[PDB]
Amino acid sequence: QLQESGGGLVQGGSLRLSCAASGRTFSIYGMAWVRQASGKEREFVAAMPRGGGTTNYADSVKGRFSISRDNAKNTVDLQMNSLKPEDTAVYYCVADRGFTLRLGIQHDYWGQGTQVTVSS
Amino acid sequence: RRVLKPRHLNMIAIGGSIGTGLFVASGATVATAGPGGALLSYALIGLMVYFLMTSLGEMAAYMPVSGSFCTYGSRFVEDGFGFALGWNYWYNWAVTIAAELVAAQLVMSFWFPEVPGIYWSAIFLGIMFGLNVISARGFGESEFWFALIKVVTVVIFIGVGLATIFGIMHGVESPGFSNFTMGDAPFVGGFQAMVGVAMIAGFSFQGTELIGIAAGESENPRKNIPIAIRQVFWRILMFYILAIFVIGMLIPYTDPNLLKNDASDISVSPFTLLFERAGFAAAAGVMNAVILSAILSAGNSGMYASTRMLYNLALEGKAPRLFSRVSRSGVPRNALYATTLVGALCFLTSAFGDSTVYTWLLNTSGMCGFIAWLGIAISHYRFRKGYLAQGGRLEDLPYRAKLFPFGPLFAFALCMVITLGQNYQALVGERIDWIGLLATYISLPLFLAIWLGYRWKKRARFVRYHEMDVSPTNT
Ligand SMILES: N[C@@H](CCCC[NH3+])C(=O)O
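**Q** Please set out the interface of chain B and chain A residue by residue, giving values where relevant.
**A** With 21 residues of chain B at the contact, the number on the chain A side is 15 residues. Buried surface at the junction of chain B and chain A, both sides included, amounts to about 1,600 Å², of which 59% is carbon and sulfur. In terms of surface lost to chain A, no three residues of chain B exceed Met182, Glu276 and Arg277 of chain B, which account for 32% of the buried area on that side. In this structure, the connection of chain B to chain A is made through 0 salt bridges. Counting residues per element, the side of chain B that touches chain A draws most heavily on helix 10 (residues 270–276) of chain B, at 3 residues. Along the lines of polarity and charge, the residues of the side of chain B that touches chain A split into 9 nonpolar, 8 polar and 4 charged.

Here's what the structure looks like:
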């Protein structure tokens, strides 16, 4: 249903990660990206509708990440800048169905996810 | 037999007035001009349609004829004007049939997206041709039942939307006034988008002006006109406003599943989308099947009406005599063949896409309807001016208008500016060419050519004010 790509090892620069969806997806409202560390509570990161009229971030990561969409591959892209070792975690690309942009760390559809680690 | 209750007549009128504009074109209008612009455009179109229908009802009440507004246009302005109006009406019905076929092909998707829709359109056209050539006895009952089903599903949609907007059922949040204000203002685009969606808004309200003609059959129109006017006008306006408001508020304008020139994926009707995104599975399929059946019935009814009106036109000396020949059962054959040949235009989707062809057909139908509205408004204005010049008493008229000449003038100006501002940017730039002008404006050159040819071949001029038919005829 959902696929994520673009992960790897970053020394602390900038990196873009892409998420794509399978067929159907005509009963969905908007997607989101949520991180979690090794043996740590899930923490919301970003959220955005597919069409894209607004974006929602987290307080600790405001002004550093940029979530948008690309029509070349029709995929949701997230650009992370000024990456730091404290952000080493696994990201899940999720999405919600309804009439309103649902927030929180609870979602219906889940993907494989991508693990990102930062080395000194 | 006037055994039908007034409520039955009102619901029949409501079912007849409702077309494909609310089912499919509403999403495109919302995506293009936003909720507020669509609401304003629909309100203006409704007011214009109300004025035009009131004037037509007054015309029918004063002098009833069996030749509809074409006879009025012929006998009050010029014979060629009425001839061109009739041919434009026939072409409008043909374009409407083509648009119905295209819409059926388009809504046929979302169930089998891995097969071209050309085969489905061909099968539907063949089935319609077979039904038309076999018999047309069950037309009235089928039309009445389909109108009842359409009214029922419209009121069900209104009720479920009103239940959802406030929020009573569990498992779904209340969007509130969030989808309205998001990025761009509800009034998105500008003058260009407004006049662009004005064509669709006018197309949606077309077809409901003939009710006044029915009101011309009343023995005492004095009391029958206001009741029907009030009921039909209020019901249509309330239903349209509520449906468009619900669609605009519950669906964001930047939805990829809406009809546009560039579509990321397939597009579905807002009525189906509301149930599909509500988490209630196995319920959108029934509504989609109902929509498909309604589209098929509307297309069959339109084809039958176009064939019958073509035969009636061929009965007189206007059309060439090689159309009134009938078979042993009396069903015309040449008219049906011509209608099928003209409606075969819907096969260009395999070479030019789906959205563009549907938009072009909608634009052509709206332009033809606007030409007809301009003609009928001019005929009504000339008739009233001639009657005033004749000195006839105003109390003798069974019906009248409230504000004159505010009615005909305002509608004429609005229609003219809407028609003219569709593609004004072509002449502004250095590129002029002819592709855009031919693609956008095609009914006007044909109408002008037909009128000029008739005037040249008949040598006819305008009708004098003091030399016109004034005394009504009793049938
Ligand atoms: N409003 C009707 C008729 C449109 C064409 C009128 N000439 C419909 O959408 O079905």
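**Q** Kindly report on the pairing of strand 10 (residues 114–118) of chain A, identifying the contributing residues and their values.
**A** All names here are of chain A. Residues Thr114, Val116 and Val118 point to one face of strand 10 and are all buried, whereas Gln115 and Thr117, pointing to the other face, are not buried. In this structure, strand 2 (residues 9–10) lies alongside strand 10, joined through 2 bridges in parallel fashion. Residue pairing across strands places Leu9 opposite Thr117, the latter belonging to strand 10.

**Q** Please give an account of a positive patch on the surface that cites residues and values.
**A** On the surface, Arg455, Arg459, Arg461 and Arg464 of chain B cluster together into a positively charged patch. Structurally, the position occupied by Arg464 of chain B is in the segment after helix 18 (443–458).

**Q** Any details on the environment of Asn74 of chain A? Residues and values, ideally.
**A** Topologically, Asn74 of chain A is positioned in the loop between strand 7 (65–70) and strand 8 (75–80). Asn74 of chain A sits in the partly exposed class, given a relative accessible area of 37%. Sequence separation between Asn74 of chain A and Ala21 of chain A is 53 residues; the distance between their C-alpha atoms is 9.0 Å. In this view, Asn74 of chain A contacts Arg69 of chain A together with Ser264 of chain B; residues no more than four positions away in its chain are not counted. A distance of 3.0 Å separates a polar atom in the side chain of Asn74 of chain A from a polar atom in the side chain of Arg69 of chain A.

**Q** An account of the state of the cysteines is requested, with residue identities and associated values reported.
**A** Put plainly, a disulfide is one covalent bond tying together the sulfur atoms of two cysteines. All names here are of chain A. This model, assessed by the stated rule, comprises 1 disulfide over all chains. Each disulfide pairs two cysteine sulfurs, and for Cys19 the partner residue is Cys93, the sulfurs being separated by 2.0 Å. Handedness of the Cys19-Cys93 disulfide follows from its S-S torsion of about -90 degrees: it is left-handed. Here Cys93 lies in strand 9 (residues 89–96) and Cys19 lies in strand 3 (residues 15–21), a separation of 74 residues in the sequence.

**Q** Let's hear about the packing of aromatic side chains: which residues, and what values?
**A** Residues and elements named next belong to chain B. One pass over the structure, following the stated rule, counts 30 aromatic pairs over all chains. Each ring, one from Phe76 and one from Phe383, has its centre 5.6 Å from the other, and the planes form 85 degrees; the classification is edge-to-face. Here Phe383 lies in helix 14 (residues 355–390) and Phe76 lies in helix 3 (residues 68–76), a separation of 307 residues in the sequence. Of the residues examined, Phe76 reaches a relative accessible area of 4% and is grouped as buried. Note on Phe81 and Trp451: the rings are 5.6 Å apart at their centroids and 70 degrees apart in plane angle, and the pair reads as edge-to-face. Placement of the pair is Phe81 in helix 4 (residues 79–107) and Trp451 in helix 18, with a sequence separation of 370 residues. Ring pairing ties together the aromatic residues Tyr50, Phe51, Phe233, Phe406 and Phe410, which thus form one cluster. Over the ring of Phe404 we find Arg384; its NZ or CZ atom is 5.0 Å from the centre of that ring.

**Q** Help me get a handle on the site of the ligand, residues and values and all.
**A** All names here are of chain B. In the vicinity of the ligand, the contacting residues are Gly19, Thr20, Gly21, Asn92, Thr96, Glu100, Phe203, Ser204, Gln206 and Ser365. A distance of 3.4 Å is found between an oxygen atom of the ligand and a side-chain nitrogen or oxygen belonging to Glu100. In the environment of the ligand, a nitrogen atom lies 3.5 Å from a nitrogen or oxygen atom belonging to the backbone of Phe203. Alone, the ligand offers 310 Å² of accessible surface; in the complex the protein occludes 86% of this. Of the residues forming the shell around the ligand, the biggest block, 3 residues, is contributed by helix 4.

**Q** Explain the sheet that holds strand 5 (residues 43–49) of chain A residue by residue, including any values.
**A** Residue and element names in this part refer to chain A. Pairing is mixed across the open sheet formed by 6 strands, whose spatial order is 2-10-9-4-5-6. With one partner strand each, in any of the chains shown, strand 2 and strand 6 (56–57) form the two edges of the open sheet. Inspection of the sheet shows strand 4 (residues 30–36) paired to strand 5 by 6 bridges, in the antiparallel sense. Across the sheet, the residue bridging to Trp33 is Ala46, located in strand 5.

**Q** So what's going on with helix 3 of chain B? Which residues, and what values?
**A** Burial in helix 3 of chain B covers these residues: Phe69, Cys70, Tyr72, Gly73, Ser74 and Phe76 of chain B. Elements that come into contact with the buried residues of helix 3 of chain B comprise helix 2 (21–62), helix 4 and helix 14 of chain B.

**Q** For the pattern of salt bridges, give the residues involved together with the corresponding values.
**A** Residue and element names in this part refer to chain A. Tallied over the full model, the rule gives 10 salt bridges over all chains. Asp108 is the salt-bridge partner of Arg97, the closest N and O atoms lying 3.8 Å from each other. With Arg97 in the loop between strand 9 and strand 10 and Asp108 in the loop between strand 9 and strand 10, this pair connects stretches of sequence that are 11 residues apart.

**Q** Any chance you could break down unusual backbone geometry for me, citing the residues and the numbers?
**A** Between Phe404 of chain B and the following residue, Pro405 of chain B, the backbone shows a cis peptide bond with an omega angle of 0 degrees. Among the secondary structure elements, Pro405 of chain B is positioned in the loop between helix 14 and helix 15 (406–420). Even without being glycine, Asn74 of chain A reaches a positive phi, approximately 55 degrees. The residue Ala282 of chain B is not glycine, and still its phi comes out positive at about 60 degrees. Within the secondary structure, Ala282 of chain B is located in the loop between helix 10 and helix 11 (284–315). Using a relative accessible area of 79% as the deciding quantity, one classes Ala282 of chain B as exposed.

Definitions and cut-offs
- Residues numbered from 1 in each chain as written, not as in the entry; some residues may be left out.
- Chains lettered and ligands numbered in written order.
- Heavy atoms only, no water.
- Contact = heavy atoms within 4.5 Å.
- Buried area = accessible area lost by both parts, 1.4 Å probe.
- Salt bridge = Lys/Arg side-chain N within 4 Å of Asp/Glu carboxyl O.
- Helix = DSSP H or I, 4+ residues; strand = E, 2+ residues; numbered from the N terminus.
- Nonpolar A, V, L, I, M, F, W, Y, C, P; charged D, E, K, R; others polar.
- Buried < 20%, exposed > 50% of the residue type's maximum accessible area, 1.4 Å probe, protein only.
- Pairing = 2+ DSSP bridges.
- Patch = residues over 30% accessible without salt bridge, like charges linked within 9 Å, V, L, I, M, F, W, Y side chains within 5 Å.
- Areas by Shrake-Rupley, 256 points an atom, 1.4 Å probe, with all protein chains shown as cover.
- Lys, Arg positive; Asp, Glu negative; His and termini not counted.
- Charge placed at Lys NZ, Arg CZ, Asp CG, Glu CD.
- Polar contact = N/O pair within 3.5 Å; in protein donor to acceptor, adjacent residues only side chain to side chain.
- Disulfide = S-S within 2.5 Å.
- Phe/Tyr/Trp six-rings, centres within 6.5 Å; stacked < 30°, edge-to-face > 60°.
- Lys NZ or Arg CZ within 6 Å of the ring centre and 35° of its normal.
- Near = heavy atom within 4 Å.

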